[PDB]
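S.K.: Enclosed are the sequence and the experimentally obtained structure.
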Number of protein chains: 2
Amino acid sequence: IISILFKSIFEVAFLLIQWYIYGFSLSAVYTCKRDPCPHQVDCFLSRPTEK
Amino acid sequence: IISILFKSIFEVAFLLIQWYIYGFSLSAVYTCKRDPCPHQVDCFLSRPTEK
């Protein structure tokens, strides 16, 4: 029973991190605001619909 | 005297137009905010000091 608890705890813990980090959809255009790039740039993904 | 005052008001009008539009010093980096470009770009001039 302890193993069956741990299997579900790991499963819901991995679902929560994916919900927090990425979302559940991918747009086609990303806007990036890092260095050494200037003010704001646009980047275009690869297969946003098939993923 | 009417010719002289006409040429002086023309002179001061052109000085005021140049003060309003350009200023009196060119920087070396311009920030451009126009379509069809993306969000904000920056363009480098040519000889900003000799001008």
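M.R.: Alright, I've got the coordinates. Residues are numbered from 1 along each chain as shown, chains lettered A, B, ... in the order given.
S.K.: and chain A, which residues reach chain B?
M.R.: Counting by Cβ under 8 Å from any Cβ of the partner chain, chain A comes close to chain B at A:31, A:38, A:39, A:40, A:41, A:42. Just so you know, the C-beta spots here come from the backbone N, C-alpha and C atoms, and that holds for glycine as well.
S.K.: wait, the fifth one sits on residue A:29?
M.R.: No - counting by Cβ atoms under 8 Å, residue A:29 is not a contact partner of residue A:41; they are 10.7 Å apart.
S.K.: Between these two, which is the more surrounded one?
M.R.: Per other Cβ atoms under 10 Å in any protein chain shown, whichever of residue A:41 and residue A:29 has more neighbours is residue A:41, with 15 against 9.
S.K.: so who does the closest residue to that one other than its chain neighbours touch?
M.R.: Leaving aside its sequence neighbours, residue A:41 sits nearest to residue A:32 (Cβ to Cβ, 6 or more residues apart in numbering or on different chains; 5.0 Å). Applying Cβ atoms under 8 Å, 6 or more residues apart in numbering or on different chains, we find residue A:32 in contact with A:40, A:41, A:42, A:43.
S.K.: how close does residue A:32 get to residue B:40?
M.R.: According to Cβ to Cβ, to the nearest Å, residue A:32 and residue B:40 sit 13 Å apart.
S.K.: hmm, back to that, so which of the contacts of residue A:32 belong to strands?
M.R.: Among the contacts of residue A:32, the members falling in strands (DSSP state E) are A:41, A:42, A:43.
S.K.: Now the residue sitting nearest the centre point of chain A, what are its backbone angles?
M.R.: Nearest to the centroid of the C-alpha atoms of chain A, with distances taken as Cα atoms, centre = their mean, sits residue A:22, at 2.1 Å. Torsion angles at residue A:22 (phi, psi; degrees, to the nearest 10) stand at phi -100, psi -50.
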